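> this one's a deposited entry, sequence included:
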Amino acid sequence: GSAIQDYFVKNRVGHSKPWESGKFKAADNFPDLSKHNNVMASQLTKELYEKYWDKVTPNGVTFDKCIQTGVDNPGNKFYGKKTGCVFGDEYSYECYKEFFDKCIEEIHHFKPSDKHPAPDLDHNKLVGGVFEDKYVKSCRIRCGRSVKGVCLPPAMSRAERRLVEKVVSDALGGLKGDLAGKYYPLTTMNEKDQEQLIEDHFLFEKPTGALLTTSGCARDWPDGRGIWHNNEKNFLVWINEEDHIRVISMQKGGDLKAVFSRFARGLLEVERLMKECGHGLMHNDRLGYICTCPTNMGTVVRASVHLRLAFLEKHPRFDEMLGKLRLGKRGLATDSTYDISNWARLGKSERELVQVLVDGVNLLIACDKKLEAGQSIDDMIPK
Amino acid sequence: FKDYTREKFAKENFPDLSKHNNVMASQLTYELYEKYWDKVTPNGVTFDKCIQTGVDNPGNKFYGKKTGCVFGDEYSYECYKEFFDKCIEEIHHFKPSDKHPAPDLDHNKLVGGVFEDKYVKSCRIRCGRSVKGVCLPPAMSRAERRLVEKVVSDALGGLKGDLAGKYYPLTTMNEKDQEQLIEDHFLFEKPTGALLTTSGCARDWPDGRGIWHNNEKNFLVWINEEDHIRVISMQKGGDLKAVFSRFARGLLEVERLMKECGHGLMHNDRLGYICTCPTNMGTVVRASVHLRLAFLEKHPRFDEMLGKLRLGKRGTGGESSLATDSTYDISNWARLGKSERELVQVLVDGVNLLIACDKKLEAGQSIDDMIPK
């Protein structure tokens, strides 16, 4: 009793099939990427293109559906180098392995033989998340998650979207204690609630970015989309935003510990209530969890603190250190405040990267204080 | 997963068009969706591909009702006829039973069309065309699009005479040419409006698109913008007949050269020439002039005549800079039901009366008996 599955096998993309239509060579459809600056153009050959062009996932995703966003977005010779492609479904990676392994390698320096470890969200094994609110102003942990057995945003039907919303909101429905909260669909949002969500900052609107759109991640909007936040207002979940599920535990203060406890407990419990229904998270045995963008895999976890370092900033070895610590900085502020997070995403477990954040931050404050007191930090630098 | 009824699935994949304001969203009943949801054209075009642009573009209550659906190929129409027939009827007041006559580009049978410059400040005629056998912009592959370029560019290459010109592909466009084409007002760029982006017409840019223009620079053609072919014949002054001459010969010849190589134009038997957007159908011909009705313009029955003449008007649309005050873009309203030149004749018969009535007012006399009864 899958007539519907057979229809999409052949018809997800409502686009003409150059390959089946009698004669066109794979060369005749090969994109012109001379002027392109994205990982896809860098990693795509006409050999790979010949190999995959007519190869279709059981869901009916095509290679051209996966790489379109990169074809459509050559990007600047000056701007950042975007990924330039997308997974259409859980099968897309395996199905276009030869290509995706070349992007994963470029994006995460993760070789085809490498192996993302199992999930670990035992927050009890986290050592030392508490910071003086003086150096740490706020902190949050975010990640993306996909629902197994369902297409990802780029190629999904209104129906699947609807499915995913039903599944994930029902699952959030069963969360309790400090994790209880209510659901707000976007389709039925009265302005009474919308006013509040705008005030909390929890509201997301229709994507207008080049990627989201060109990938098809803003179709049939606002159908299937929604927000969920707990009653403490420190644990937020978005639905069918960029990915099926986007979770964020966050709060003001230096207590990253508590942020992670909440995040781990939430995500574990939602996976569990999903499992009581015969639904699970989309997980690849090599690459960890999957999302539409090949940069969001492994743990898919971004943990950050907003860190104030008035003395350390101006140290020449500030960045070599930050990089040594396997962290990255976002925003030479006169407030000396930075958004510092785990750079990595694959090759470590979720509470390992969290511990990577904590460890780094401890070292970072130890120098800020030291420099301020006038002492040296040269033997504090990791070697 | 969906171990579902095709019936149950359509229920669960039917869009909510409650807060939408477009033709598609007004003519799409749940039955129609249920009927056409899994029907697919011979080129793999689905029904959701056709209506997606309307779903994704609900359109607010300030902007005017858009079409909100698109043809993906030549099969799309007939394939989802019971849908497309109601849209067509809202857009063109062209009933399912109605028929559009054969093409007629014999500029020699155009009666009149040379107007006083004192009244007609410019004029132009555009249309769009699709190459048969190939999918339309919303669905077409890069090969298809590359193909469309070779065929149409090859044809344009053979226009001898006053229709002689050169192609300028966007892909390998140098900076002197860019600078020139911009200067002439002939260049187009990557579209950023909703219809063309959400509909799939901005894909693979600039691959496959180009510009072509005769050496007199009064016959313009776009390859693969919103459609396979868009052609414009335009000049300043009141020689509409000359504009229609150039247009029709260029068009006829191009088709003829294309026939010479085994391709043609996308032509449906009931609806005439086909393009991506359903509003572009029939002749697909917009004939227009820029008329300066110093006296007619401030007249009560002015819009009433325009109506009875099946003419449309806007402000001096896109000239757009200097003081140009009693000037309007008068065009043929209709697109279906009349041949390519009957419509131009409709333009000429109207503008003639329009002018006639402007002078009759100018002389302080009544125009009451001129206005079609």
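Received it, and whenever you're ready, just let me know what you need. Residues are numbered from 1 along each chain as shown, chains lettered A, B, ... in the order given.
> would you indicate which residues of stretch A:372-383 are buried?
A:377, A:381 (16 or more other Cβ atoms under 10 Å in any protein chain shown). C-beta coordinates here come from the backbone N, C-alpha and C atoms, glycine included.
> stretch A:88-106 too?
Of the residues in stretch A:88-106, A:88-90, A:92-93, A:95-96, A:99-104, A:106 count as buried by neighbour count, 16+ other Cβ under 10 Å.
> what's the answer for stretch A:72-83, then?
So for stretch A:72-83, counting by 16+ other Cβ under 10 Å, buried means A:72, A:73, A:74, A:75, A:81, A:82, A:83.
> repeat that for stretch A:107-118.
Using 16+ other Cβ under 10 Å as the test for burial, stretch A:107-118 gives A:107, A:108, A:110, A:116.
> ok, stretch A:228-239 next?
Under the neighbour-count criterion of 16+ other Cβ under 10 Å, stretch A:228-239 has A:228, A:229, A:230, A:234, A:235, A:236, A:237, A:238, A:239 buried.
> same deal with stretch A:292-309?
For stretch A:292-309, by 16+ other Cβ under 10 Å, it's A:292-309.
> just those that are near chain B?
Among these, proximity to chain B is found for none (Cβ under 8 Å from any Cβ of the partner chain).
> in helices, which of the residues you listed appear?
Among these, none falls in helices (DSSP state H).
> thinking again about what came up before, could the buried residues of stretch A:72-83 go into TSV alongside distance to chain B and secondary structure?
As requested, these are arranged in TSV below (distance: Cβ to the nearest Cβ, whole Å; DSSP: H, G, I helix; E, B strand; the rest coil):
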residue	distance to chain B	secondary structure
A:72	6	helix
A:73	10	coil
A:74	9	coil
A:75	13	coil
A:81	19	coil
A:82	16	strand
A:83	18	coil
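> residue of chain A nearest chain B, please.
The nearest approach of chain A to chain B comes at residue A:14, 2.9 Å away (Cβ to the nearest Cβ).
> assign that residue to helix, strand or coil.
State at residue A:14, reduced to three classes by DSSP: H, G, I helix; E, B strand; the rest coil: coil.
> relative to residue A:155, how far out is it?
11 Å (Cβ to Cβ, to the nearest Å).
> neighbour count for these two, which is higher?
Neighbour count, other Cβ atoms under 10 Å in any protein chain shown: between residue A:14 and residue A:155, residue A:155 has more, with 27 against 20.
> which residue, other than its chain neighbours, is closest to the more buried one?
Nearest residue to residue A:155 in three dimensions, chain neighbours excluded: residue A:88, at 4.1 Å (Cβ to Cβ, 6 or more residues apart in numbering or on different chains).
> ok, now residue A:91?
Among residues not flanking residue A:91 along the chain, residue A:57 sits closest, at 4.1 Å (Cβ to Cβ, 6+ apart).
> quick check on the one you found: phi, psi?
phi -70, psi 150 (degrees, to the nearest 10).
> and what of residue A:252?
The phi/psi pair for residue A:252 (degrees, to the nearest 10) reads phi -80, psi 140.
> tell me the spacing between it and residue A:138.
As for residue A:252, its distance to residue A:138 is 5 Å (criterion: Cβ to Cβ).
> with residue A:249 instead?
Counting by Cβ to Cβ, the gap from residue A:249 to residue A:138 is 12 Å.
> can you check residue A:257 too?
Taken as Cβ to Cβ, the span from residue A:257 to residue A:138 is 14 Å.
> next one: residue A:161
With Cβ to Cβ as the criterion, residue A:161 and residue A:138 are 32 Å apart.
> close to chain B: what parts of chain A are there?
Checking chain A against chain B by Cβ under 8 Å from any Cβ, the hits are A:1-5, A:7, A:10-11, A:14-18, A:21, A:24, A:28-32, A:68, A:71-72, A:149, A:157-159, A:162-163, A:187, A:213, A:218-221, A:223.
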